[PDB]
Each structure stands twice: as C-alpha cells, then as structure tokens.
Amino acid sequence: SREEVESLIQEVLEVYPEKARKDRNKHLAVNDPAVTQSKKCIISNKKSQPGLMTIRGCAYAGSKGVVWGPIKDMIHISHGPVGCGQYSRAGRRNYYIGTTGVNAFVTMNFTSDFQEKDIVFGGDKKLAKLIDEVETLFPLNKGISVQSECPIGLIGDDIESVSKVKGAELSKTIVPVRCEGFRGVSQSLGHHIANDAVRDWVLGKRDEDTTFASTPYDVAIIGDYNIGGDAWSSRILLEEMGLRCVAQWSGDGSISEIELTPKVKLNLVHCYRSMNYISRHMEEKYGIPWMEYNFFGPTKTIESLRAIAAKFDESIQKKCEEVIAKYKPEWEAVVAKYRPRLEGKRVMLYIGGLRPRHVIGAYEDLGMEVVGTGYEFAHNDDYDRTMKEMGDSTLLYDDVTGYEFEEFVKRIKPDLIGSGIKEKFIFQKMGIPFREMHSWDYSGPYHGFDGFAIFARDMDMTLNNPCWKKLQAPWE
C-alpha cells in the first residue's frame, strides 16, 4: 500500500531532532519503477548523521577488507595501530587456494602496530624496516601493499616515498594505499581509492610485454570476491561455455592475474559498485569493453550466460545453449523441491552495494517477494538499477539507521530478513528468520547453478526451521 508506506516513513522520522529528520527523509522512499532517475526519489552516498547507529564501515574496510585483502600472493600491511587489522582478520570469506604463511597470506594480519612513539615521530622509518622483515620472513610474497589506517595521513607520513624508495631497492611491487578511514563516508570510497592504487601501481606493469598468448575468448571476472567460493561457481560456467578466465578480481586473485588483465578481450563485471572504476579505465587505456552481469539464480544466470555468449561468436553461443541445457534439470529440481516451501514468503534486505538488487531474481525464482531493500553505501547509479528490479510501492532505505530498520521490520513483518552480522541477532530475538547475506551464514556459494541449490537450501532451512515456532512460552 503506497499510501501506508509513505505514512510509515513519516511516523518513524518523528523521533529525530529536526536536523536529522530533514536529512533522513531524503534517504527513504517508496519505490516507483517508472521514474527515469533515482535521484528524484532518494539520495545516496552522503555523510552518515552522527549518533544514529549507521551500519556502514570505513574506506579501509572498502579497500583492505574488500578489494586488496583477497589478493592471495601479496602481503597486505594494515598500517597504523592494532585495531583495524585484527577486527578485519579473516572476517570476510574471500576464499582461495594457497599455502597460507608460505605463498599465500590472506587470512593473516600483518600490521605496524602503531604505538605513541610512531604517532609522535612518524611511521615511515618503521614502515621501511617492516618491509625488510617481511621480505626476510616471507620470501615468496609477490608484492606488498600498504593499507593506511586513519592516523597515517593525519600525522602526514610519506608512504609513497617509502613505497618508491624501498620498491626500487628490493625490486618488488609495493603499493601505497591512502584508504584512511576518515576519507569519504563509507566503504565506497575505499573501493575507488583501491581501484586507483591498482591502476597506478600494478595494472600497467606488463604494458610493454607482447609475450602473452591471447585467444579470442579471454575474459576476466571483475568484482567477484569468491565469498564461500562464489567466483569458482561462476568461473566453471564461463569456461564450460568456451571462454578462458584469465583473471578473477579479486577473490582467489593472484597479482599476475591482475597484471595480465589488460590482455583480455572482455571484462565481466559482477560487482558494479566496487570495480566499475577500473572497468572504465581499462576501456579507456586499453580499449577493453565491459558489461554487467548477475549470477544469482537461474533466471539471471541464463540471461547473463547468453548475453556474454552474444559478444563472441556462434561456437560460444552454441556451447552456451549446451550449458543451459546441461543445468536445466539440476536447477529445475531445486525449484521443485524448495519453491513449494517458500512461495509467497516476504523478505526484506539490507546489504552494501550490489546484493540488495542482484539477489531479487533468485528470490523470485523460489516464489518469494522482496518488499524492502536498501544499501549501506550505494550511489545513485546503483539505485537507478534497483528501482527497476523492485516491485512498485516497495520500501527503499539508504544508509538505514538501526532505529528505522527495526521500525520498518516491526510494521512490515517480513518472513525473512537478509542482512549482516550486526543485524542478525537483533531480529532473531523478535522471532524473524534471518540469513546473513554478506557471509552467506558460513554456507554457500550462492553464485551460479551450483550456488542456487545451496541458496534455496539455506533460505528454506531457516525460514521453515522448527525453532521459530517456540518463541512464546505456552504460559506467557
């Protein structure tokens, strides 16, 4: 009821002082899918209002936690005091194959553990010596990045001179990343900062190298961080269709992969938010075209598989249909098992910058409707894409506060909530089934045909779990 949603938004807003009330109305909207530009109904990518318990992270999360950290054969230095690196050690399931501590380092926390002497006197000498110790104790690393924490740029250390000086000295790729948390307003700027850091320090390292054997079917998966194996559940289908995935950015990614990406003929972009910057750059510097796709659920996977096949020739279009034919019984049996258990059930979402629109189709493939969705840090070009994908008169919330989300859920009463760790235990208290839609609740993958079976399994396991019937005592 569009009139009832508008009333819900106004009611919830009455708690705020006038200043926050005015700002937050701009970040809330009843969806209208015919509108051509989302900025006319909801604003995004703004500062969070102080004290309202935003769910957002910082630019260091967006750059170290999200983009740089998954690269497996580099070592990433959380540069600054000991917190950022510890809370973000092995919290994100960006999966990989390697010998951790030996040739891979992803789930390890390397840090400069700033003490007051480093804040008072500068960190650049310490950073210098730290790189020597890294090279001494971890000789198989293939590059070092420097993930700046808040104090770095505040004391004005010079991590570029060190990255230039020590880089020439030891003949290794050493990447200064100015992702200090005070920059920007969310993880989003971290994305952009890290993309530029790749561009400025790594991506052009083979610009004068014609020795790679390029085929007509070379692609790169851009913006899939392989959560629980998501990128592998996608890579198998691309290669079974007859393409060769030279690179994965950045889940299970290797630095050589990144350096070989400018040799690719087509950039397949899953996460538009975090890596559309480098996609546009590669189209500019190297002329590599790029397209967005979606491997959530069979409806979207089939659409993308054929959209991607269309950019190549008939031999790729033919293996494409042989892949869609290969998997049809597999996903049709998942639908048959689990759509009867889920049809008509209502779900509300809140995630970061892609999944709050990209999973809609997978839910519709099981007969559920998303009646509420929202992002921590999306931009207007994300909401452009969202409004088309959500039903009319559904609720959109940008940088939702804890208070609003609890109030929306209380009035809307969804059957399932898909959000993050900081939300999970709140709504279970209320007796609302909850699935983590960042960590997949330690399950997955959810990408592709194999991921859909696991997703359907996971929504049903929790929505229909017997625990949710026993919240009220039989005696009040």
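All residue numbers are counted from 1 along the displayed sequence.
- Judged by the one-third criterion across other entries of this protein, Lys410, modelled here, is also modelled in every one of those that cover both its neighbours.
- Coordinates for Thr54 are present in every one of the other compared entries of this protein that model residues on both sides of it, well short of the third needed to count it as often missing.
- Set 312-320 against 377-385 and average the Cα temperature factors; 312-320 ends up higher.
- Stretch comparison (74-82 versus 240-248) by mean CA B-factor in the PDB entry places 240-248 on top.
- The top Cα temperature factor in the record, among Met437, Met430, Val35, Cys58, falls on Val35.
- Across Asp113, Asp224, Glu180, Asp200, the greatest Cα temperature factor reported in the deposited entry is at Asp200.
- Among the modelled residues of the chain, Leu170 sits in the highest third by CA temperature factor in this PDB entry.
- Per-chain ranking of the deposited C-alpha B factor places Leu416 in the middle third.
- In the deposited entry, the Cα temperature factor of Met108 sits in the bottom third of values across the chain's modelled residues.
- Annotation for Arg235: CA B-factor lies in the middle third of the chain's modelled residues.
- Among all modelled residues in its chain, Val409 ranks in the lowest third by Cα B-factor.
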